[PDB]
Amino acid sequence: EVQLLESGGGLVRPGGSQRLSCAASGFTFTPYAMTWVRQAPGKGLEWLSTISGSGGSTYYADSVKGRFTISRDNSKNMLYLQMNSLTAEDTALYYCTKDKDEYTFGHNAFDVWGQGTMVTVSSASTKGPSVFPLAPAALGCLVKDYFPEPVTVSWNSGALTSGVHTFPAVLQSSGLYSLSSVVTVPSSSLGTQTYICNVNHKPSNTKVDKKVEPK
Amino acid sequence: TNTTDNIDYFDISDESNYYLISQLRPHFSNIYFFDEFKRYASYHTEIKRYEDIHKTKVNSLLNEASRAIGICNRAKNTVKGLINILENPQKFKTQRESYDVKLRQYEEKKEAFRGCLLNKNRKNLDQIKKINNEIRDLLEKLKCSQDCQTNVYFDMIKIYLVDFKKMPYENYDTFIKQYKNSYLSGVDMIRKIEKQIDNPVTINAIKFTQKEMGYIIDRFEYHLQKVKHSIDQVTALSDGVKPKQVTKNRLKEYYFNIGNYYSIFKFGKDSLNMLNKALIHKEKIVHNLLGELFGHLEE
Amino acid sequence: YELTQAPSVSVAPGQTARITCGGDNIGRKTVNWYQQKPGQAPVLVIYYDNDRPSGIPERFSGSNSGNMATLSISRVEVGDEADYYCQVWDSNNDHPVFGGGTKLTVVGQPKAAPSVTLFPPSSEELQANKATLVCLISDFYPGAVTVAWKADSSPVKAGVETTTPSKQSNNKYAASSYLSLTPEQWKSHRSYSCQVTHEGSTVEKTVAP
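Residues numbered from 1 in each chain as written, not as in the entry; some residues may be left out. Chains lettered and ligands numbered in written order. Heavy atoms only, no water. Residues with missing side-chain atoms left out of burial classes, pairs and counts.

Structure determination for the deposited model, as stated in its record, used X-ray crystallography, and the stated resolution is 3.0500 Å.

Take a look at the structure:
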């Protein structure tokens with residue numbers, strides 16, 4: 001199965017640099033023309049840059065010209081996008097694609113798409129999420145004041161996952177995110193059972209566990 | 001005559017992508033560096049003594065490179081036959097096998113051919129590293145220890161800039177962008193008017209020939225970009241700082257620097273010439289196919 | 001080359017949805033269509049005006065002539081709810097270009113009322129001299145509610161933050177709202193209510209210190 005895999009997307013201060021990669025497998029990478037396309041959260045798709053097979057032809061969008069550079073290594077089936085002097089208007093999720101045929105130079109459909117890596121540009125630093133319990137029927141935990149996304153919330157180290165439902169985080173005016181994860185459980189299980197929400201934040205490099213019980 | 005008589009436009013590179021094998025002599029860009037070091041050694045009396053043994057060391061690699069390519073002439077002419085059948089509807093009707101069967105035969109023989117050009121030359125690629133190291137040892141016999149005059153180095157740079165002016169890079173860049181424009185428009189109109197009601201042999205031969213064109217375009221722009229690099233890099237050396245004297249260790253890599261650039265240039269000049277006529281011959285074949293396709297309008 | 005696409009297009013199930021894509025002479029160039037599910041990757045649905053990739057249902061067809069290129073989805077089910085784009089090759093700029101995108105929403109699904117749970121500020125948060133009220137709305141359709149926080153019986157109109165409605169795996173929708181206030185404001189008032197009004201019928205939960 002032809003597959004495209006992307007990484008390297010993370011938080012970078014304005015004016016900084018970042019290197020995106022697109023790992024290809026399941027198809028002859030050399031003849032196909034790879035493409036970069038980003039998508040702002042909420043906005044639509046936006047083409048950025050496409051490169052020929054041998055690399056002798058490179059296209060760029062006017063919004064990224066002079067700052068972004070596309071490149072590939074036809075011996076490792078890799079596909080790069082060197083981003084420099086990043087501004088706030090560059091914060092988006094970036095996809096890499098391939099033309100459905102060979103030797104086309106972006107004048108084709110895009111049949112295979114990656115899952116997308118997220119590039120974030122802001123002046124704020126990473127913040128650790130403060131976890132507070134939500135006492136009771138319906139109980140949960142509040143993951144408050146963290147930046148940036150995402151935060152994975154596990155219940156009892158992945159023991160119980162029935163009735164759990166984590167809501168998408170809210171973006172406060174301060175730029176820090178906030179979400180809540182609740183779990184549906186009968187009242188007979190209350191009192192005797194224990195519920196420990198396990199919160200993990202990748203950028204802040206901090207994991208926190210909190211106990212939820214009637215008090 | 002709606003047929004391809006010359007398929008020199010195929011090439012193959014090793015899995016490391018460091019060596020590029022061309023069907024045109026000297027097959028390897030490193031040979032041009034070996035021929036240039038003889039010109040480098042012509043200005044040094046200590047190195048010029050070993051120039052006689054250098055030719056026997058370099059010509060043997062050129063002979064074995066030319067010998068290994070000739071071994072693949074059996075695989076070469078086999079693919080040339082399948083191309084002439086798949087790009088000619090009249091020739092395709094003299095045989096009896098389905099069009100999809102001949103495409104599978106073409107794909108198998110094409111890689112068996114490009115695999116031959118690489119497999120029979122694997123022993124030659126290992127010799128390239130040895131001759132490169134032998135050049136390093138010959139440059140160590142220089143009389144200079146820490147004050148090597150760069151006059152020879154910069155006198156070669158002035159010669160390279162004159163050789164660069166002989167190649168029409170502006171016309172080549174205009175040619176490739178123009179022919180790539182006509183190639184993309186040809187593929188896209190076949191997408192619009194394709195249909196599976198009548199005989200697709202004339203349409204199948206166009207796409208087969210267009211697939212060859214897209215490969216030639218990709219290989220043309222690879223050398224056009226590579227030759228541009230060698231021109232811009234050597235020109236940057238002449239327009240940059242000119243140290244009147246450097247050490248011997250840095251002088252070895254000095255000749256290795258301009259030698260590698262001028263090697264890619266002369267190697268690219270040979271490829272850009274052949275790839276230009278192949279694209280031109282492929283355009284005429286497609287337009288004849290387009291002429292044959294739009295020739296029977298009352299049908 | 002400018003590609004004009006309608007922002008939103010709705011359709012009942014079983015019916016045929018028609019996504020459009022406009023161009024000055026779009027019948028001169030091939031048009032490819034894509035489908036991006038919420039939080040998912042785009043998938044090529046139609047290419048070259050009318051060609052359909054293998055694995056795409058036969059309900060997906062395309063037309064392109066003159067100034068309009070239209071993608072048609074027949075026998076529409078709830079699984080077709082996604083965003084659809086069109087891709088064209090720029091002639092004089094030499095690069096692809098994507099349309100604004102059309103959001104297909106399926107209607108006629110059975111109306112469902114939202115279930116909400118209100119949470120008071122935790123005792124551990126009050127020690128930090130901060131308070132946050134959590135109102136979690138879920139299991140409703142259509143995806144559009146209006147949340148209103150009321151201090152006792154009067155709306156606070158301060159410190160309220162509400163998320164956009166997101167479609168859950170149950171094909172329903174979910175949303176949440178937060179009220180930031182001082183612990184003095186939480187302990188002084190009688191109670192705090194979260195009033196979420198769905199289809200004109202309001203659901204409300206009330207919590208008190």
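This brings us to the overall build of chain C. Counting its secondary structure elements, chain C contains two helices and 18 strands. At 23 Å, chain C has a C-alpha radius of gyration far larger than the 17 Å of a compact globule built from 209 residues. On the principal axes, the C-alpha backbone points of chain C span a range of 70 × 40 × 25 Å. Taking the intrachain contacts of chain C between residues at least 6 apart in sequence as the baseline, contacts between residues at least 24 apart amount to 58%. (Helix = DSSP H or I, 4+ residues; strand = E, 2+ residues; numbered from the N terminus. Rg over C-alpha atoms; globule rule 2.2 N^0.38 Å. Contact = heavy atoms within 4.5 Å.)

A word on the overall build of chain A. Helices and strands together make up the secondary structure of chain A, namely zero helices and 18 strands. Expected size for 215 residues packed as a compact globule is a radius of gyration near 17 Å; at 22 Å, chain A overshoots this value by more than 25%. In terms of principal-axis extent, the alpha carbons of chain A reach across some 70 × 40 × 30 Å.

As a salt-bridge pair, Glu194 of chain B and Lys207 of chain B come within 2.6 Å of each other at their nearest N and O atoms. Taken together, the residues span a long stretch of sequence, with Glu194 of chain B in the loop between α9 (169–193) and α10 (201–239) and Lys207 of chain B in helix α10 at a distance of 13 residues. Between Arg59 of chain C and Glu77 of chain C there is a salt bridge; the shortest N-O distance is 3.5 Å. One end of the pair, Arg59 of chain C, is in the loop between β4 (42–46) and β5 (60–65); the other, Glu77 of chain C, is in the loop between β6 (68–73) and β7 (83–90), with 18 residues separating them in the sequence. (Salt bridge = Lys/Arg side-chain N within 4 Å of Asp/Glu carboxyl O.)

Residues and elements named next belong to chain C. The sheet contact formed by strand β11 (residues 131–140) and strand β16 (residues 173–181) spans eight bridges and is antiparallel. Within the sheet, the bridge partner assigned to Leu136 lies in β16 and is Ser176. With two bridges joining them, strand β15 (residues 166–167) and β16 adopt antiparallel strand pairing. Note that in β16 the partner of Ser166 across the bridge is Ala174. Here β15 hands over to β16 after five residues, with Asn171 in that stretch at a positive phi of 60°. (Pairing = 2+ DSSP bridges.)

In this section: the sheet that holds strand β3 (residues 18–25) of chain A. All names here are of chain A. The strand order β1-β3-β7-β6 describes an open sheet built from four strands, whose pairing is antiparallel. Edge positions in the sheet fall to β1 (3–7) and β6 (68–73), since each has one partner strand and no second. Direction aside, the axes of adjacent strands within the sheet are offset by 15° on average. Note: β6 against strand β7 (residues 78–83), six bridges, orientation antiparallel. Bridge assignment links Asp73 to a residue of β7, and that residue is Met78. (Axes fitted to C-alpha atoms, helices over the stretch in contact; angles between N-to-C directions.)

This next bit is on the domain arrangement of chain A. Segmentation of chain A into domains returns domain 1 (3–121) and domain 2 (130–212). Here domain 1 of chain A and domain 2 of chain A have C-alpha centroids that lie 35 Å from each other. (Domains from an automatic or database assignment.)

So, on to the pairing of strand β17 (residues 192–197) of chain C. All names here are of chain C. Here six bridges tie strand β12 (residues 146–151) to β17, and the two strands are oriented antiparallel to one another. Opposite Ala148, over in β17, you have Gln195 as the bridge partner. Connecting β17 to the next strand, strand β18 (residues 202–207), in antiparallel fashion are four residues, including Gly200 with a positive phi near 85°.

For the rest of this paragraph, the subject is the packing of aromatic side chains. An angle of 75° between the planes, with centres 5.7 Å apart, marks the rings of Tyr95 of chain A and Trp113 of chain A as edge-to-face. Taken as a pair, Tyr95 of chain A in strand β8 (residues 92–99) and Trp113 of chain A in strand β9 (residues 110–113) lie far apart in primary sequence, 18 residues in all. Here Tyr172 of chain B and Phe220 of chain B contribute two aromatic rings whose centre-to-centre distance is 5.6 Å and whose plane-to-plane angle is 75°, an arrangement assigned as edge-to-face. One end of the pair, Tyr172 of chain B, is in helix α9; the other, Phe220 of chain B, is in helix α10, and 48 residues separate them in sequence. Three or more aromatic residues link up through ring pairs in this structure, and these residues are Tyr95, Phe110 and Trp113 of chain A together with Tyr34 and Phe98 of chain C. Taking NZ or CZ as reference, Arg72 of chain A lies 4.3 Å from the ring centre of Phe29 of chain A, over its face. Stacked on the ring of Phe256 of chain B, the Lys or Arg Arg136 of chain B has its end atom at 4.5 Å from the ring centre. (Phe/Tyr/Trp six-rings, centres within 6.5 Å; stacked < 30°, edge-to-face > 60°. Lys NZ or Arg CZ within 6 Å of the ring centre and 35° of its normal.)

Much of the literature gives interface size as the accessible area that the parts lose upon coming together. Every contact between the two is made by 39 residues of chain A and, on the other side, 36 residues of chain C. For the side of chain A that touches chain C, the secondary structure elements donating two or more residues are β4 (34–39), β5 (45–50), β9, β11 (130–134), β12 (138–146), β15 (170–171) and β16 (177–184) of chain A. In terms of residue class, the side of chain A that touches chain C is built from 22 nonpolar, twelve polar and five charged. (Nonpolar A, V, L, I, M, F, W, Y, C, P; charged D, E, K, R; others polar.)

Let us look at the environment of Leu272 of chain B. Assignment of secondary structure puts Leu272 of chain B in helix α11 (residues 248–293). In this view, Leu272 of chain B contacts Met167, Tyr172, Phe220, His223, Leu224 and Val227 of chain B; residues no more than four positions away in its chain are not counted.

Note that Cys144 of chain B is cross-linked by a disulfide to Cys148 of chain B, the S-S spacing being 2.0 Å. Taking the torsion about the sulfur-sulfur bond, which here is approximately 90°, the covalent link between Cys144 of chain B and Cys148 of chain B counts as right-handed. Between the sulfur atoms of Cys135 of chain C and its disulfide mate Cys194 of chain C the distance is 2.0 Å. Residues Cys135 of chain C and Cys194 of chain C share a disulfide whose torsion about the S-S bond is about -85°; that sign makes it left-handed. (Disulfide = S-S within 2.5 Å.)

So, about the side chain of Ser52 of chain A. Turning to its location among the elements, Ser52 of chain A is positioned in the loop between β5 and β6. A polar contact is formed between the side chain of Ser52 of chain A and the backbone nitrogen of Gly55 of chain A, at a distance of 3.0 Å. In contact with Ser52 of chain A, other than residues within four places in its own chain, are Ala33, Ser57, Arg72 and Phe105 of chain A together with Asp218 of chain B. (Polar contact = N/O pair within 3.5 Å; in protein donor to acceptor, adjacent residues only side chain to side chain.)

Further remarks concern the sheet that holds β6 of chain C. Residue and element names in this part refer to chain C. The sheet built from three strands is open, its strands ordered β2-β6-β5 with antiparallel pairing. The strands lining the two open edges of the sheet, one partner per strand, are β2 (17–22) and β5. Within this sheet the neighbouring strands show an average axis-to-axis angle of 15°, counted without direction. The pairing of β5 with β6 spans six bridges and is classified as antiparallel. Each bridged residue has a counterpart across the sheet, and for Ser63 the counterpart in β6 is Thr70.

Moving on: unusual backbone geometry. Of the consecutive residues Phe147 of chain A and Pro148 of chain A, the connecting peptide bond is found in the cis state with omega at -5°. Here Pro148 of chain A shows up in the loop between β12 and β13 (151–155). That bond from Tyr141 of chain C to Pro142 of chain C is cis: its omega, 0°, falls within 30 degrees of zero. When you line up the elements, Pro142 of chain C lands in the loop between β11 and β12. Backbone geometry places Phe105 of chain A, a non-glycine residue, at a positive phi of 70°.

With that settled, consider the domain arrangement of chain C. Residues and elements named next belong to chain C. Here chain C is partitioned into domain 1 (4–106) and domain 2 (115–205). One C-alpha centre belongs to domain 1, the other to domain 2; they are set 38 Å apart. At the junction of the two partners, domain 1 supplies four residues and domain 2 supplies four residues. The residue makeup of the side of domain 1 that touches domain 2, split by class, is three nonpolar, no polar and one charged.

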